[PDB]
Every structure is written in structure tokens, then in C-alpha cells.
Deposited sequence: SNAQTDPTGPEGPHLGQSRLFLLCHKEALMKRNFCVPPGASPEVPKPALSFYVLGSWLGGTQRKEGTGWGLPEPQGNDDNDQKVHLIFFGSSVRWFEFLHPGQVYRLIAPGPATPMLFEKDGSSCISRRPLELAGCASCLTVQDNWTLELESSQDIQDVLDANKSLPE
């Protein structure tokens, strides 16, 4: 019923799908993490997080908008679906964890970057229509 959260972003740039070395996650068990098939995108958030509201979405939380969305493991399934210049709704199912789309593994090339967010395997993306985009902006 309220078992979901989402947020719109404009997809600005999509990095190649390729194996990358990942950072040693700061404060976790030290290991040499193997290269992993991965990509990431540069997005710009178009509005704040929206709670699931029955069959729809609630008002965006009041709103720097740059984000790097990081895909590995089964989230690689999104690669060919995602095109620069389009707007997508990023959806996380389940209980509304308050600061979910603020921040959280990380590619070594993005060590110490200010706004990385890992796409979880149960997260989904939907392509937004022109009217979808306007409705969020207008609220």
C-alpha cells in the first residue's frame, strides 16, 4: 500500500558495460574484490522521493541534484533499457526507508565521489512519459 519509494532522474550519460575493479568497502571485511561486470550512469534528480500511494505515487519531498547510479550483479539487466536523454523513475519496493535515495559497493574509478548510489537487485526502472515528467515538476 505504502510499500514502495521512487524518484525521477534525467539520464545524462551512460558508461560502458565492462568489468571494473571495486573499492574495499570502508569499514567492511578487507578482501581483494574481483573485477565485476558493471556500469554506471550520471543522472540528475528531477524531484524529491515519492512514497507509494495505492496504485500511484505521493508528492515529491521538498528539493545538488547530480547522482552516479551504480549497476552490478543482476542490476546489469537494465543496461540496454537505459538511454541518455530520457527520464526514468527509480523504484525501491518495500518499507519506506527515510533517506533511501540519498546514499548507500563502488567502482575504484569513483573512489571518494560525493553522490554515489548503488542500484539494488530488487530496484526497478520505468521510462517516464512527457506528462509523467510535468506532473512531478509541477508539484
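Counting the deposited sequence from 1, the stretches lacking C-alpha coordinates are 1-12, 76-80, 122-127, 163-168.
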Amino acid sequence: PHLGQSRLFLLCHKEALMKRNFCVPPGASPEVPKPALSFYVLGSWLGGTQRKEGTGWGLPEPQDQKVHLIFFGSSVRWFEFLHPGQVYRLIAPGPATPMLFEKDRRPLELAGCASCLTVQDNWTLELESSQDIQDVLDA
From here on, numbers count along this sequence of modelled residues.
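Between 30-38 and 48-56, it is 30-38 that carries the larger average Cα temperature factor according to the deposited entry. Two stretches are in play, 74-82 and 110-118, and the higher mean C-alpha B-factor belongs to 110-118. Of the residues listed, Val87, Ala96, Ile91, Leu69, the entry assigns the biggest Cα temperature factor to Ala96.
Sort the chain's modelled residues by C-alpha temperature factor and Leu8 lands in the lowest third, per the entry.
In the PDB entry, a CA B factor belonging to the middle third of its chain's modelled residues is recorded for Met18.
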